[PDB]
C-alpha cells in the first residue's frame, strides 16, 4: 500500500517538493555533506 | 600546563554539548516553525 509516489511538478514554491538527507552512518547536524556519500 | 590539557578539555566538552543541544533547539526554532504556519 504505497499511498505516495514521486512525480515531477513545474511549480517550485510549494513545500511538497522539500526533502531531507539522512546519512547511513550517524553524523552531526552541522557538518558539510560530502559530495559522494 | 600540559596537565591543563585535561583541565580545559573537560570544560570544553561540558560547554560544547550544551552548546550543540542549544544549537539543535535553535535549528528547531527554524525547521519546526517553518511547517507550523498554515496555507
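As a convention, Cβ positions derive from the backbone with ideal geometry for all residues, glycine included, and neighbour counts pool all protein chains shown. Every number here is computed from the coordinates shown, using simple stated rules; none is lab data.
Scanning the stretch A:1-29 for residues that are touching a helix residue (DSSP H, G or I) at 6+ places or on another chain (Cβ under 7 Å) and within 14 Å of another protein chain (Cβ to nearest Cβ) yields a single hit, A:29. Taking every residue in the stretch A:12-37 that is within 24 Å of residue B:23 (Cα to Cα) and pairing it with any residue that is part of a loop (DSSP other than H, G, I, E, B), at least 6 positions away or on another chain, yields no pair with a Cβ-Cβ distance below 6 Å.
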